[PDB]
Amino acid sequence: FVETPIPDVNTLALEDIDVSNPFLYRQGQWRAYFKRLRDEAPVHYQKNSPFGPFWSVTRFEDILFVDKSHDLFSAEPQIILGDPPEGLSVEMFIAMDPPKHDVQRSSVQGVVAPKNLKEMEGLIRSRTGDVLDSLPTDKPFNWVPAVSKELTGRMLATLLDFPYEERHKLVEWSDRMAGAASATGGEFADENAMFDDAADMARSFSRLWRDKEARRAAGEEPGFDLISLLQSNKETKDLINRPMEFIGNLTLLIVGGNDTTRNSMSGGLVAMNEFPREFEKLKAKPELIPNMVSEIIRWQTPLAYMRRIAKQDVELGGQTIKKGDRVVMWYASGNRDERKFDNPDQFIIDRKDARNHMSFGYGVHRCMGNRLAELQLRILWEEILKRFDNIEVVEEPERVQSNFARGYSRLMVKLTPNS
């Protein structure tokens, strides 16, 4: 993939609108392209793309139907638009249908048990406050590494009890995975690097499993982390011996929580910068933080879509999706659908229906980590409000190349503390 200027959507025949282009978000053309699809081709077939042909489903109501109807639309074998590079396919329950999906999700869902998240609030808030206190207030800095990636990486390490000093690896491996050119149009096109990483990652999870079992056998009390949970349950105490399940489950937790958390933490600042009256509203009414977090997640939509395959011919939106066709559920478009949300492109932190967004999906795959993400975002903004009278974005944000992740690689921020 090489970036070129994306033309006005009005220059295109409807059949030539290709929303798999991974520069549509960066260039700001995604809003007009998806509005044209919602209005005039809400169930749209693209015959020609670098990823092969695919349907786009772009209205909120129709996306709900596809996401909930796993008897008609399969999540197998992959949920990104393209294909993983050869040798890198791993089975993850995000790309599995019931009943097996339900079985595999049950084996890990305890890691985000509400009682466990509540016990970790002090740690999350301490990390958040320490990170914010460390930021300079006399010069701008890049928020993406300093805050969003920093906090996400610590959280991911805690979730796995992954060696804290190596947490940068959970994220580097994960980035090169979720950013495969063949899968998402991301910038990673070297299969040699992905082979090195996927193997390093698999070896690292195996060493962690053995270190944790040796520590448990030696009398270490079990913790909140996923490995401890897997080793405490009869069904999964032997998960090492099922390598596809073991590697797939652990990889899904890390990839699932990595750039989603990161880009939600960054995106709230970008939304405030575009709608600065909302920050004055927030400072005057801090009890809006929980609803604001929903509005940040709606407006940002950190994952633009999830993909499905039609299990049979399905009539949708005056169109016949054929058995075997790839069907892309464009959450990024659904969350801007004016049939669902009034003034959808506005960031409105007291929007009463913000919580009804589809950024987590709907149906059996609805995000397992939704409460953990919301918790971290709430604490982030609580701790921001204690410290800063103003936040300024000093340069146009740099947006990531991807058709899947909607995110930022550079967000240059100047802080003004209160007195």
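The first residue of the shown sequence is 1; numbering continues from there.
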query	finding
Residue stretch of maximal mean CA temperature factor, 228-236 vs 137-145	228-236
Between 46-54 and 378-386 (mean CA B-factor, as deposited), the higher	46-54
Options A181, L159, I247, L303 - largest CA temperature factor per the record	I247
Candidate set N116, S126, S264, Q104 [ranked by C-alpha B-factor, highest]	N116
Ranked C-alpha temperature factor of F188 among modelled chain residues, by third	highest
Modelled-residue ranking by C-alpha temperature factor, third containing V413	middle
Third of chain Cα B-factors occupied by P163	highest
CA B-factor placement of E86, once the chain's modelled residues are sorted into thirds	highest
CA B-factor placement of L288, once the chain's modelled residues are sorted into thirds	middle
